[PDB]
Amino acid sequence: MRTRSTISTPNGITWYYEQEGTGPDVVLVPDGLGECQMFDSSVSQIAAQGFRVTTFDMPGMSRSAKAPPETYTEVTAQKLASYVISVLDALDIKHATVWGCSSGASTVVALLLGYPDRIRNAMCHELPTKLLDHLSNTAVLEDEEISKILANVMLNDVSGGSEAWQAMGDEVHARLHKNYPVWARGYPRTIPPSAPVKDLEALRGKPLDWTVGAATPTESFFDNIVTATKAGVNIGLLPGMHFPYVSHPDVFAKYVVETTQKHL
C-alpha cells in the first residue's frame, strides 16, 4: 500500500511525494519534467523486492508546484541536490540509493559527490553536459507553443516508446502540459554547464552506475560514455531512450533492484 502525501521543507517547497515498501531506502528522482507518476509501476515493483521506494514531483512541477522562484529558475545540479537532501531530511531518510535521468542524472551524481554519508550508491542516466540549441530557443515562445512542441519532442523523439508514453493517461499529460514551459525557462540553459562530471578523480571509485538508452542516437550521450570510461565508472545500456522507466518498466525495475543489491 502506498503513501501519497505532501511535506514541506524550510527552503519554501511543499513537495508532493509517494512512498511504498519497507527495507533499505531507494529514491527515484524525476527528470527535468518533474513528474513522479512516471515511476508508478516501478515504485511497486522495486518495493516488492524488499525496498522502501520514495519518489516525488520536482519543485515548480506537477504537484510540487508550490515553491519559490529560485527553485525552478536558473536550476543547477547543485540546487536540485540541495533540495532533494531537504526532502530526505524531512522524511527522515538517512541512507538512500538514488536513481535519476537527465537533470535527475545530474542531481544524483551531485548528491553522491556532495553527501557521501547519505548516498549508498547512485544510478545516473543520460546526464546532459552540452547546451542544446533547439530546446534553448523555445524558452521565448508562448507557453502554449512550448507545450505543443515539447509534448511532441517527448512523444515522438525521446520517449523511446510512444504507446507507453501515451498510456500514462490524460492527467499525467495535463500536468506535463503545465510543466513544459516552466522546465524550458529554468533548465535547458543552466543544467548542462553545472554537470558535476568535469573532475574525473572525484568520480573514480565512487559507487555510481551510469547508463544511456540503447536506442538513443549515438550523438546524444556520446560524452557520457567517454566520461564514464575515463573515470572507470560502470557504464551500460537500458532499452529505450530518455525514459526507460516509462518505455521498459519491468527491465528498469529489475535494473534498479539489481544495482541496489550490489551495493547493499
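Start at 1 and count along the sequence shown; that's the residue number.
Averaged over Cα atoms, the B-factor as recorded in the entry is higher for 181 to 189 than for the other of 181 to 189 and 102 to 110. In this entry, 141 to 149 shows the higher mean Cα temperature factor of the pair 86 to 94 and 141 to 149.
Within the listed group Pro217, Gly34, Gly236, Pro196, the record reports its top CA B-factor for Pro196. Highest C-alpha temperature factor among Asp223, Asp57, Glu201, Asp209 per the entry: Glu201.
The PDB entry assigns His125 a C-alpha temperature factor belonging to the lowest third of its chain's modelled residues. In this PDB entry, the Cα temperature factor of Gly205 sits in the top third of its chain's modelled residues, the highest group. The entry lists a Cα temperature factor for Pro244 that places it in the lowest third of the chain's modelled residues. Split the chain's modelled residues into thirds by C-alpha temperature factor. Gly213 is in the lowest one. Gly50 sits in the middle third of its chain by CA B factor, as recorded in the PDB entry.
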